[PDB]
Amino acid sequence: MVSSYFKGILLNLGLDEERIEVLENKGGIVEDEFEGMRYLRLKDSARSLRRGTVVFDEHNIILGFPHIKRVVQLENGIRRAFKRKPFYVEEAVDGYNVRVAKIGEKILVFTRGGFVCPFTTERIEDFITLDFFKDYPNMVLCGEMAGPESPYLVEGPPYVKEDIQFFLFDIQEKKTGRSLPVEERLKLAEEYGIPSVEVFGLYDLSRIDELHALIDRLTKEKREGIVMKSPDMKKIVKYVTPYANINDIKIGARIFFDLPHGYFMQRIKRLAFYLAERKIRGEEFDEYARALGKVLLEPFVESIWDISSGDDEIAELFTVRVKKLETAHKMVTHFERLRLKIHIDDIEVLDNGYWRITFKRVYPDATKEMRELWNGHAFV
């Protein structure tokens, strides 16, 4: 299942031979390839090697991006995580996570599971100077790809009016995964002109009222929320706006079936705790309740009416911009490998020479279940 070349590497990293065999047989490690280069991807955790870690050789090991804990009560979340010490407050940008690293003579861009993304790898030169990797070849840039023309999301931050943008939020060492302190990271981003998530400033528990005001502005502006980081990057906590929880439900409700466990419940919970903590009552409360009822039912009922007539499946349309038509071919292949039913719906050339590709992604498992229910399937 997995070559002894990679298993030798895992052994030298101190992993036990028996654990490697178990990971192999269960499919917790898998081999992959990009542009002819073989690498190992960790589908599950293995001692200190986090999920989404990729292994090309003994030196080029890109650690998986860690989970970020969230709180649902902002004031008491801050007191428990940070007490009264200062912490940085950054914008949470609603996109997809990327790790950017120099591998051999190539700059590769990895998404969360450890896949080389062919779109982001082609485009990354539009946002990040290669100079950074001439000077720091063993550092990994971590950030969010976000905007209205995204291959993986149908929403994005409102101030990105077209195409897509990179937003740096961490710099990590190859192999160890260690993060630079906030200040050194921000100094490097300025030195190299790497675009950064907005840094709102340095806060503490005593400034909770200003953070609530910040959350209300981010909400009105359709932005996702904040991420709170101790200066040494060891304590990290995220907190998202009611807009993000409501809009997430709206998007997911078109499909409803086959989503991650708890997708809707977790967001209803986050909304309830926001309303409780902010003591929201009366008409302002009713407006959230009406909005939640609408985003749960309207997209869902619309899809039901859609599938009740015809053979067409539930579908999302999205566009991306590419420099080379061959990149779009490579995204189709990559989408197939991820077991997604996506084809090219439309192509246009833009006045700046870029290709705008319109993709159509269909959802056959959600479609099947929704249709069987409409057609009267009885179930326990």
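Numbers for residues come from their place in the sequence shown, where the first is 1.
**Q** Could you settle it for me: does 123-131 or 215-223 have the higher average Cα B factor in the PDB entry?
**A** Comparing 123-131 with 215-223, the higher average CA B-factor belongs to 123-131.
**Q** Look over 356-364 and 7-15 in the entry and identify the one with the greater average Cα temperature factor.
**A** Higher of the two, by average CA B-factor, is 7-15.
**Q** Taking the Cα B-factors listed in the entry, which of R41, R321, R70, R47 comes out highest?
**A** Reading the PDB entry, the winner on C-alpha B-factor is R47.
**Q** Check the PDB entry and point out which of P231, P151, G262, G104 has the largest C-alpha temperature factor.
**A** Among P231, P151, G262, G104, the highest C-alpha B-factor in the entry belongs to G104.
**Q** Sorting the chain's CA B-factors, does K238 end up in the lowest, middle or highest third?
**A** Lowest third.
**Q** Going by the recorded CA B-factors, say which third of the chain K161 sits in, lowest, middle or highest.
**A** Highest third, going by the recorded CA B-factors of the chain.
**Q** Pull the Cα B-factor of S303 out of the PDB entry and bin it into the chain's lowest, middle or highest third.
**A** It falls in the bottom third of the chain.
**Q** Is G193 in the lowest, middle or highest third of its chain when residues are ranked by C-alpha B-factor?
**A** As the PDB entry reports it, the C-alpha B-factor of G193 lands in the middle third of its chain.
**Q** Where does the C-alpha B-factor of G310 rank in its chain, lowest, middle or highest third?
**A** It belongs to the highest third of the chain when residues are ordered by C-alpha B-factor.
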